[PDB]
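K.L.:
Here it is, the structure, as structure tokens.
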Amino acid sequence: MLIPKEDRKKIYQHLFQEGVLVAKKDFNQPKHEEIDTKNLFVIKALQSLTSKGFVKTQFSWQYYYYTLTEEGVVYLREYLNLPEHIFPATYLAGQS
Amino acid sequence: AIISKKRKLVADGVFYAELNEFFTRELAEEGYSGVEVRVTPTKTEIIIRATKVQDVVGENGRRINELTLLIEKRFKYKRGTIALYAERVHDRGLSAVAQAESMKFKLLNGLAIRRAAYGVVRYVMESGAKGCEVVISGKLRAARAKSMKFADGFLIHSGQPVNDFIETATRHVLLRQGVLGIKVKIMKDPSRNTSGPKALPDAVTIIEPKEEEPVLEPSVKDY
Amino acid sequence: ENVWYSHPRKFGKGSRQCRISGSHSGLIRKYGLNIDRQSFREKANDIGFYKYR
Amino acid sequence: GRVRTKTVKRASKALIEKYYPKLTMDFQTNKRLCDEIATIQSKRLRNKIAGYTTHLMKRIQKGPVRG
Amino acid sequence: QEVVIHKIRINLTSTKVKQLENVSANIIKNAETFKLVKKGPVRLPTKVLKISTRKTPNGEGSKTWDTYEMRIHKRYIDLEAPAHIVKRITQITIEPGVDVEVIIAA
RNA sequence: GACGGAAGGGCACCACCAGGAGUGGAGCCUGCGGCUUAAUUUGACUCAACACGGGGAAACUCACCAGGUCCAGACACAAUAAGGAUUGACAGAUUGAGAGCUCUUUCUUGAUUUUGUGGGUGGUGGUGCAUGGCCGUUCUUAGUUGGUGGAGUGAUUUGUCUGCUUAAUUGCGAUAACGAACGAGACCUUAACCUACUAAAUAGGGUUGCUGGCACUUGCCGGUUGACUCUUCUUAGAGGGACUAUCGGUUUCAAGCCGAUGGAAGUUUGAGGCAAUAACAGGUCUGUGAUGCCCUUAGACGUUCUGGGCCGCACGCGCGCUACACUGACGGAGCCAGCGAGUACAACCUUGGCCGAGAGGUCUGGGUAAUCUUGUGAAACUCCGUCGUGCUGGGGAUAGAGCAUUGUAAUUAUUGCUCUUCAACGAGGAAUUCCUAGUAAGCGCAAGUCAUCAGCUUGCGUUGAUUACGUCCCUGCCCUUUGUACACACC
Ligand SMILES: [Mg+2]
Ligand SMILES: [Mg+2]
Ligand SMILES: [Mg+2]
Ligand SMILES: [Mg+2]
Ligand SMILES: [Mg+2]
Ligand SMILES: [Mg+2]
Ligand SMILES: [Mg+2]
Ligand SMILES: [Mg+2]
Ligand SMILES: [Mg+2]
Ligand SMILES: [Mg+2]
Ligand SMILES: [Mg+2]
Ligand SMILES: [Mg+2]
Ligand SMILES: [Mg+2]
Ligand SMILES: [Mg+2]
Ligand SMILES: [Mg+2]
Ligand SMILES: [Mg+2]
Ligand SMILES: [Mg+2]
């Protein structure tokens, strides 16, 4: 919960770049893959997001899978401050 | 690169298992049935079989794309080395897993359990299976718990023809008083097999001889 | 963020942690499975292991 | 120990009924005939059936037999 | 132009025997079509991966065990050809479950 | 139905005969009591608890105890709202302590939060008598069922049986039943045979080059991936092969059993894998982000560090190891296996060279493996020697000291080695386990856990018997006939 804001911002940015965040169930872990933060910081943030809509979470084998809803996307837009016609994977990352 | 061959194989299997688990977790509402993995040159091919294909697809690259991304994040592949393909589970009744899922859904909804079981059995029969066996274990009215058993048709139990023809499914259903367990068996028709043996090993059927009026004294056909 | 929050956990039953459950008990670490026994048994056919003899 | 099952004996009987001409005496030939005519799944089962048929044939050449 | 004959070793590994055999057959057919210097589909001793588990989850009961075994089929084929031809041969004739592997060059 | 201190008939080395090998005795490992303890965490108590929870705990594990640390108090609503919400904090006293744990401090930190109230989440907390799944057990025994038809007013019954057979409700038969299904069998995996195919410098040979040693005639043993070719051994694909075959007895001349003969194979060919109907208040909520409900929820039963405990000993029992010697012991020397396993982001297996009585170091390698460890030249064994039956050179427990190794940490010896010490036990009472052929037993090796530790475990080979080839006497189970005032079923 006691999260330095820069880290949070970074996490948000990462999410917007992707739309998907996969994180190990590892509190007491120094660094997360891709993001320059502790795993715990990520995981708790995602939990918080979930708790008021925003993010959908899945568990499978000690390894959290986080996806986003449209409300979540909106929230991200509001907070991170990205305009419109931008990345995610929710409204097509490209064409697959 | 540079890992023992047996070990590599084991890891592959493990990965597959993990994937299956993930699919079970996620695509329950869509009615997930089976995964296929093809490690071809350049790209890994994940084929998904689910009851709701459209849902899986999403907004043509909304849900599937997300799934792909997740996979990439997990097993660490390049953005473009994983492809996903949703498919029709051909004959939903001949899939036990699907049936189990359906049953679970029904239970969740709040259907009469016995009735539901009967319906399932009927469906199975329609699908053209030799036999169905549905065991529903748990607390079905009153605290003292009992496994109810709803069956129809053939069924085998012992031998190697079990893993050949009998398809099994086990799903536990969560309710606010305790857990149910739904165990579904389907005996597939031996004649309608595609790949493998086309009958039960004990079944011996002989062909009929043809009619004879033979003697009538020598004679020769000449050219 | 504390001054410390860890003791040396590089080996023993502390280091090895299951894929599925996270159990430190009855762990099959042969062929690099790292799956605890019961779970492995449950999902053995998915790995490709079979009961022949 | 060695006592033949329904699925051997009955089948053998049926075979005999159908094909007494051309199902004669010695084992190998009988086996071959079985392979040709009957849709036997396993090899061992087929072999057993053939053996039974041979036995039946042998019994026959000493008088009639029930069933 | 390109045709300089190398030393090519091709590894095949699977759990399914029939599939592997089919793959081997396909490879041989390809070789025949291209009619090159050939060493046969050499079969390596099948590797049985063993596991022993108490059938019980809890421990109580008569102590009964499992023998979960996974059999590995490893087979290799030796060809003397240009590499491009080998690649062409191996780009097709791929069946799911069988691992196709190429050493390439001496 | 269940039961019977009723009568019949079966079956089984978890029954007994004919024997073997023994445990129970002894010293020790190690389970479980009991005791003891700050704690010596618990689960399980006839088969079906007791070297079991893959439970070989130095911490971790970890559930226990003595203490400290942290918030991993979602989110909802409010009091401060920057003149600071609140985070951070070396120096010593503080403290086990380069824990700002704090109390000395007065420098930072910027609305993340903290103070309450709704609300949760985590729990190797509780209940397996609320459950799932899995498993164990009735039982791997031969059992179980419905469709017609018959007998009953009916619950029911017959089929599913007097016999003889079989490992088997396996069959032959007899017959108000007839034809079926599940189980048994079939099956599948494996172990046996293949001079018949298809193959190989990641298997093995042949000739032949060069080459080393021989007798010295051509001949014998060698070293070399120098050539060429082969597939018997090798591996593993596709096949084949045994079906009790052929014959002889014996039996309603049936099913079958017995004896030869041929054969790789004649105990279901050897061994398993799977395994019905109905169940058990059998075991697990200490495998689970399987889980109901209850407890708990910031002096937490969440955790996380730190030390200890699970291992303590007047004592019961439960698997085991070592032995009580001359069929040996100790020294040489000879010298043969099969299952395995094995790292690049780590530190796997580790030959070969030097150093060391060891243990070990060290340098170098080879191997992600039919390629290197590895021909795992393993033990038991066989050959010649020293002692010859004396708690003796049998035997090895406690001990004392040193030298190594793993790890952050070895006292409460982790373990390896060195010298010394030499205890109990001259084959084990009342009892009772396991077993019928490549089996019993002897002997190692191997993976499993593992950083380190094997007296344990799944496998594997090596050496290889004795004695039945049977019967209900005992024991347990099953069936039939009977009795019952039991049907929560003789507790
Ligand atoms: Mg059957
Ligand atoms: Mg069977
Ligand atoms: Mg018993
Ligand atoms: Mg203990
Ligand atoms: Mg052990
Ligand atoms: Mg838990
Ligand atoms: Mg119970
Ligand atoms: Mg009737
Ligand atoms: Mg009856
Ligand atoms: Mg005769
Ligand atoms: Mg058998
Ligand atoms: Mg109980
Ligand atoms: Mg609980
Ligand atoms: Mg035991
Ligand atoms: Mg070797
Ligand atoms: Mg002495
Ligand atoms: Mg230890």
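Naming scheme: A, B, ... for chains in displayed order of the structure tokens; residues 1 onward per chain; ligands 1 onward as shown.
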Taking only C-alpha atoms (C1' of nucleotides) and all ligand atoms into account, report as a PDB file with N, CA and C atoms (P, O5', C5', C4', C3', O3' and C1' of nucleotides), in the first residue's frame which residues have an atom no farther than 7 Å from an atom of ligand 2.

P.N.:
```
ATOM      1  N   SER B 158     -12.622 -52.273 -16.676  1.00  0.00           N
ATOM      2  CA  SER B 158     -11.295 -52.852 -16.531  1.00  0.00           C
ATOM      3  C   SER B 158     -10.627 -53.122 -17.869  1.00  0.00           C
ATOM      4  N   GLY B 159      -9.300 -53.034 -17.866  1.00  0.00           N
ATOM      5  CA  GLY B 159      -8.491 -53.294 -19.050  1.00  0.00           C
ATOM      6  C   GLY B 159      -7.938 -52.046 -19.700  1.00  0.00           C
TER       7      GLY B 159
ATOM      8  P     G F 185      -8.300 -61.359 -15.073  1.00  0.00           P
ATOM      9  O5'   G F 185      -8.593 -62.091 -16.459  1.00  0.00           O
ATOM     10  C5'   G F 185      -8.328 -63.500 -16.634  1.00  0.00           C
ATOM     11  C4'   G F 185      -9.044 -64.033 -17.855  1.00  0.00           C
ATOM     12  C3'   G F 185      -8.641 -63.422 -19.188  1.00  0.00           C
ATOM     13  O3'   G F 185      -7.437 -63.966 -19.709  1.00  0.00           O
ATOM     14  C1'   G F 185     -10.993 -63.514 -19.060  1.00  0.00           C
ATOM     15  P     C F 274      -3.078 -49.987 -11.390  1.00  0.00           P
ATOM     16  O5'   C F 274      -4.398 -50.148 -12.268  1.00  0.00           O
ATOM     17  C5'   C F 274      -4.780 -49.155 -13.243  1.00  0.00           C
ATOM     18  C4'   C F 274      -5.735 -49.750 -14.252  1.00  0.00           C
ATOM     19  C3'   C F 274      -7.072 -50.216 -13.695  1.00  0.00           C
ATOM     20  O3'   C F 274      -7.982 -49.135 -13.521  1.00  0.00           O
ATOM     21  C1'   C F 274      -6.204 -51.831 -15.208  1.00  0.00           C
ATOM     22  P     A F 275      -8.687 -48.906 -12.099  1.00  0.00           P
ATOM     23  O5'   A F 275      -9.594 -50.207 -11.929  1.00  0.00           O
ATOM     24  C5'   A F 275     -10.748 -50.429 -12.764  1.00  0.00           C
ATOM     25  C4'   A F 275     -11.200 -51.868 -12.672  1.00  0.00           C
ATOM     26  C3'   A F 275     -11.738 -52.300 -11.311  1.00  0.00           C
ATOM     27  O3'   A F 275     -13.139 -52.077 -11.261  1.00  0.00           O
ATOM     28  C1'   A F 275     -10.152 -53.885 -12.102  1.00  0.00           C
TER      29        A F 275
END
```

K.L.:
Where does chain F meet chain C within 10 Å, residue by residue, with the nearest atom pair and distance in Å to one decimal for each, counting only C-alpha atoms (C1' of nucleotides), listed by chain and rising number, as JSON lines?

P.N.:
```
{"residue": "F:53", "atom": "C1'", "partner": "C:26", "partner_atom": "CA", "distance": 9.6}
{"residue": "F:54", "atom": "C1'", "partner": "C:26", "partner_atom": "CA", "distance": 5.7}
{"residue": "F:55", "atom": "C1'", "partner": "C:25", "partner_atom": "CA", "distance": 9.1}
{"residue": "F:59", "atom": "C1'", "partner": "C:7", "partner_atom": "CA", "distance": 9.3}
{"residue": "F:60", "atom": "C1'", "partner": "C:14", "partner_atom": "CA", "distance": 4.9}
{"residue": "F:61", "atom": "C1'", "partner": "C:13", "partner_atom": "CA", "distance": 5.4}
{"residue": "F:69", "atom": "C1'", "partner": "C:5", "partner_atom": "CA", "distance": 8.9}
{"residue": "F:70", "atom": "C1'", "partner": "C:2", "partner_atom": "CA", "distance": 8.1}
{"residue": "F:99", "atom": "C1'", "partner": "C:3", "partner_atom": "CA", "distance": 7.8}
{"residue": "F:133", "atom": "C1'", "partner": "C:42", "partner_atom": "CA", "distance": 9.3}
{"residue": "F:134", "atom": "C1'", "partner": "C:38", "partner_atom": "CA", "distance": 8.2}
{"residue": "F:188", "atom": "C1'", "partner": "C:52", "partner_atom": "CA", "distance": 7.4}
{"residue": "F:189", "atom": "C1'", "partner": "C:52", "partner_atom": "CA", "distance": 4.6}
{"residue": "F:190", "atom": "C1'", "partner": "C:53", "partner_atom": "CA", "distance": 7.0}
{"residue": "F:271", "atom": "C1'", "partner": "C:53", "partner_atom": "CA", "distance": 9.4}
{"residue": "F:272", "atom": "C1'", "partner": "C:53", "partner_atom": "CA", "distance": 5.6}
{"residue": "F:273", "atom": "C1'", "partner": "C:53", "partner_atom": "CA", "distance": 4.6}
{"residue": "F:274", "atom": "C1'", "partner": "C:52", "partner_atom": "CA", "distance": 9.1}
{"residue": "F:286", "atom": "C1'", "partner": "C:25", "partner_atom": "CA", "distance": 9.6}
{"residue": "F:287", "atom": "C1'", "partner": "C:38", "partner_atom": "CA", "distance": 5.8}
{"residue": "F:288", "atom": "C1'", "partner": "C:21", "partner_atom": "CA", "distance": 5.2}
{"residue": "F:289", "atom": "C1'", "partner": "C:21", "partner_atom": "CA", "distance": 8.7}
{"residue": "F:304", "atom": "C1'", "partner": "C:5", "partner_atom": "CA", "distance": 7.0}
{"residue": "F:305", "atom": "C1'", "partner": "C:7", "partner_atom": "CA", "distance": 7.6}
{"residue": "F:341", "atom": "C1'", "partner": "C:30", "partner_atom": "CA", "distance": 9.5}
{"residue": "F:407", "atom": "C1'", "partner": "C:11", "partner_atom": "CA", "distance": 9.6}
{"residue": "F:408", "atom": "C1'", "partner": "C:8", "partner_atom": "CA", "distance": 7.8}
{"residue": "F:447", "atom": "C1'", "partner": "C:30", "partner_atom": "CA", "distance": 9.5}
{"residue": "F:448", "atom": "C1'", "partner": "C:30", "partner_atom": "CA", "distance": 8.7}
{"residue": "F:449", "atom": "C1'", "partner": "C:26", "partner_atom": "CA", "distance": 8.5}
{"residue": "F:450", "atom": "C1'", "partner": "C:12", "partner_atom": "CA", "distance": 8.2}
{"residue": "F:451", "atom": "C1'", "partner": "C:11", "partner_atom": "CA", "distance": 6.0}
{"residue": "F:452", "atom": "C1'", "partner": "C:12", "partner_atom": "CA", "distance": 9.9}
```

K.L.:
I need the residues in region 27-98 of chain E that are strand (DSSP E or B) according to DSSP; give them as a ChimeraX atom specification.

P.N.:
/E:37-43,47-49,52-54,65-80

K.L.:
As a list in words, which residues of chain E does DSSP assign to helix (DSSP H, G or I)?

P.N.:
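Restricting chain E to helix (DSSP H, G or I) produces residues 17, 18, 19, 20, 21, 22, 23, 24, 25, 26, 27, 28, 29, 30, 31, 32, 33, 34, 83, 84, 85, 86, 87, 88, 89, 90 and 91 of chain E.
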
K.L.:
What does the file look like for those residues with N, CA and C atoms, as a PDB file, in the first residue's frame?

P.N.:
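New file part-v9.pdb:
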```pdb
ATOM      1  N   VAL E  17       5.417 -43.455 -31.010  1.00  0.00           N
ATOM      2  CA  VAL E  17       6.326 -44.292 -31.803  1.00  0.00           C
ATOM      3  C   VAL E  17       5.915 -44.224 -33.272  1.00  0.00           C
ATOM      4  N   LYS E  18       4.613 -44.414 -33.486  1.00  0.00           N
ATOM      5  CA  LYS E  18       4.037 -44.518 -34.821  1.00  0.00           C
ATOM      6  C   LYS E  18       4.328 -43.256 -35.620  1.00  0.00           C
ATOM      7  N   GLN E  19       4.104 -42.119 -34.965  1.00  0.00           N
ATOM      8  CA  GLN E  19       4.318 -40.799 -35.559  1.00  0.00           C
ATOM      9  C   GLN E  19       5.770 -40.661 -36.014  1.00  0.00           C
ATOM     10  N   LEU E  20       6.666 -41.061 -35.107  1.00  0.00           N
ATOM     11  CA  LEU E  20       8.109 -40.997 -35.347  1.00  0.00           C
ATOM     12  C   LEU E  20       8.469 -41.823 -36.578  1.00  0.00           C
ATOM     13  N   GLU E  21       7.905 -43.029 -36.620  1.00  0.00           N
ATOM     14  CA  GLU E  21       8.136 -43.964 -37.720  1.00  0.00           C
ATOM     15  C   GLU E  21       7.702 -43.348 -39.039  1.00  0.00           C
ATOM     16  N   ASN E  22       6.524 -42.734 -39.010  1.00  0.00           N
ATOM     17  CA  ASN E  22       5.937 -42.070 -40.177  1.00  0.00           C
ATOM     18  C   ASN E  22       6.880 -40.986 -40.688  1.00  0.00           C
ATOM     19  N   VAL E  23       7.374 -40.194 -39.737  1.00  0.00           N
ATOM     20  CA  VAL E  23       8.290 -39.089 -40.025  1.00  0.00           C
ATOM     21  C   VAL E  23       9.546 -39.622 -40.726  1.00  0.00           C
ATOM     22  N   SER E  24      10.070 -40.706 -40.157  1.00  0.00           N
ATOM     23  CA  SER E  24      11.270 -41.363 -40.668  1.00  0.00           C
ATOM     24  C   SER E  24      11.055 -41.803 -42.112  1.00  0.00           C
ATOM     25  N   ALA E  25       9.897 -42.419 -42.333  1.00  0.00           N
ATOM     26  CA  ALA E  25       9.500 -42.920 -43.650  1.00  0.00           C
ATOM     27  C   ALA E  25       9.476 -41.782 -44.656  1.00  0.00           C
ATOM     28  N   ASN E  26       8.870 -40.675 -44.233  1.00  0.00           N
ATOM     29  CA  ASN E  26       8.740 -39.473 -45.055  1.00  0.00           C
ATOM     30  C   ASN E  26      10.124 -38.974 -45.472  1.00  0.00           C
ATOM     31  N   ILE E  27      11.010 -38.927 -44.474  1.00  0.00           N
ATOM     32  CA  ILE E  27      12.379 -38.458 -44.666  1.00  0.00           C
ATOM     33  C   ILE E  27      13.087 -39.335 -45.712  1.00  0.00           C
ATOM     34  N   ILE E  28      12.907 -40.645 -45.545  1.00  0.00           N
ATOM     35  CA  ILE E  28      13.539 -41.607 -46.443  1.00  0.00           C
ATOM     36  C   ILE E  28      13.037 -41.418 -47.864  1.00  0.00           C
ATOM     37  N   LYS E  29      11.730 -41.200 -47.993  1.00  0.00           N
ATOM     38  CA  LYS E  29      11.084 -40.966 -49.286  1.00  0.00           C
ATOM     39  C   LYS E  29      11.702 -39.747 -49.960  1.00  0.00           C
ATOM     40  N   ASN E  30      11.848 -38.688 -49.163  1.00  0.00           N
ATOM     41  CA  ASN E  30      12.420 -37.427 -49.632  1.00  0.00           C
ATOM     42  C   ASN E  30      13.831 -37.653 -50.169  1.00  0.00           C
ATOM     43  N   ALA E  31      14.600 -38.409 -49.386  1.00  0.00           N
ATOM     44  CA  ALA E  31      15.985 -38.741 -49.723  1.00  0.00           C
ATOM     45  C   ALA E  31      16.039 -39.468 -51.065  1.00  0.00           C
ATOM     46  N   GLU E  32      15.141 -40.438 -51.206  1.00  0.00           N
ATOM     47  CA  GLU E  32      15.034 -41.255 -52.414  1.00  0.00           C
ATOM     48  C   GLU E  32      14.765 -40.365 -53.622  1.00  0.00           C
ATOM     49  N   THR E  33      13.817 -39.447 -53.430  1.00  0.00           N
ATOM     50  CA  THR E  33      13.416 -38.508 -54.480  1.00  0.00           C
ATOM     51  C   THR E  33      14.605 -37.670 -54.917  1.00  0.00           C
ATOM     52  N   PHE E  34      15.361 -37.192 -53.928  1.00  0.00           N
ATOM     53  CA  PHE E  34      16.573 -36.410 -54.180  1.00  0.00           C
ATOM     54  C   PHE E  34      17.816 -37.275 -54.457  1.00  0.00           C
ATOM     55  N   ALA E  83      23.233 -28.029 -47.968  1.00  0.00           N
ATOM     56  CA  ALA E  83      22.423 -27.687 -46.808  1.00  0.00           C
ATOM     57  C   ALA E  83      21.026 -27.240 -47.199  1.00  0.00           C
ATOM     58  N   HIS E  84      20.937 -26.524 -48.324  1.00  0.00           N
ATOM     59  CA  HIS E  84      19.678 -25.987 -48.816  1.00  0.00           C
ATOM     60  C   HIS E  84      18.677 -27.113 -49.052  1.00  0.00           C
ATOM     61  N   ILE E  85      19.167 -28.173 -49.692  1.00  0.00           N
ATOM     62  CA  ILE E  85      18.350 -29.346 -50.011  1.00  0.00           C
ATOM     63  C   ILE E  85      17.795 -29.957 -48.722  1.00  0.00           C
ATOM     64  N   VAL E  86      18.680 -30.080 -47.737  1.00  0.00           N
ATOM     65  CA  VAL E  86      18.339 -30.640 -46.426  1.00  0.00           C
ATOM     66  C   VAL E  86      17.220 -29.818 -45.786  1.00  0.00           C
ATOM     67  N   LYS E  87      17.398 -28.500 -45.847  1.00  0.00           N
ATOM     68  CA  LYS E  87      16.441 -27.543 -45.293  1.00  0.00           C
ATOM     69  C   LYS E  87      15.070 -27.738 -45.937  1.00  0.00           C
ATOM     70  N   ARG E  88      15.095 -27.859 -47.261  1.00  0.00           N
ATOM     71  CA  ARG E  88      13.886 -28.051 -48.063  1.00  0.00           C
ATOM     72  C   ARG E  88      13.159 -29.317 -47.621  1.00  0.00           C
ATOM     73  N   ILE E  89      13.944 -30.378 -47.451  1.00  0.00           N
ATOM     74  CA  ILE E  89      13.442 -31.686 -47.033  1.00  0.00           C
ATOM     75  C   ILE E  89      12.740 -31.561 -45.682  1.00  0.00           C
ATOM     76  N   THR E  90      13.403 -30.850 -44.771  1.00  0.00           N
ATOM     77  CA  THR E  90      12.951 -30.727 -43.384  1.00  0.00           C
ATOM     78  C   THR E  90      11.908 -29.632 -43.087  1.00  0.00           C
ATOM     79  N   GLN E  91      11.769 -28.660 -43.995  1.00  0.00           N
ATOM     80  CA  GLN E  91      10.745 -27.602 -43.894  1.00  0.00           C
ATOM     81  C   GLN E  91       9.325 -28.158 -44.022  1.00  0.00           C
TER      82      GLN E  91
END
```

K.L.:
Please write out the residues within 6 Å of ligand 5 as a ChimeraX atom specification, counting only C-alpha atoms (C1' of nucleotides) and all ligand atoms.

P.N.:
/F:56,454,456

K.L.:
Identify every residue of chain B that has at least one atom within 9 Å of any atom of chain F, counting only C-alpha atoms (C1' of nucleotides), and report the result as number ranges by chain.

P.N.:
B: 2-5, 7, 137-139, 143-145, 154-162, 170, 172-181, 200-203

K.L.:
Find the residues of chain D in contact range of chain F, meaning any atom within 10 Å when counting only C-alpha atoms (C1' of nucleotides), and list them as a ChimeraX atom specification.

P.N.:
/D:1-9,26-28,31,41-42,44-55,62,65-66
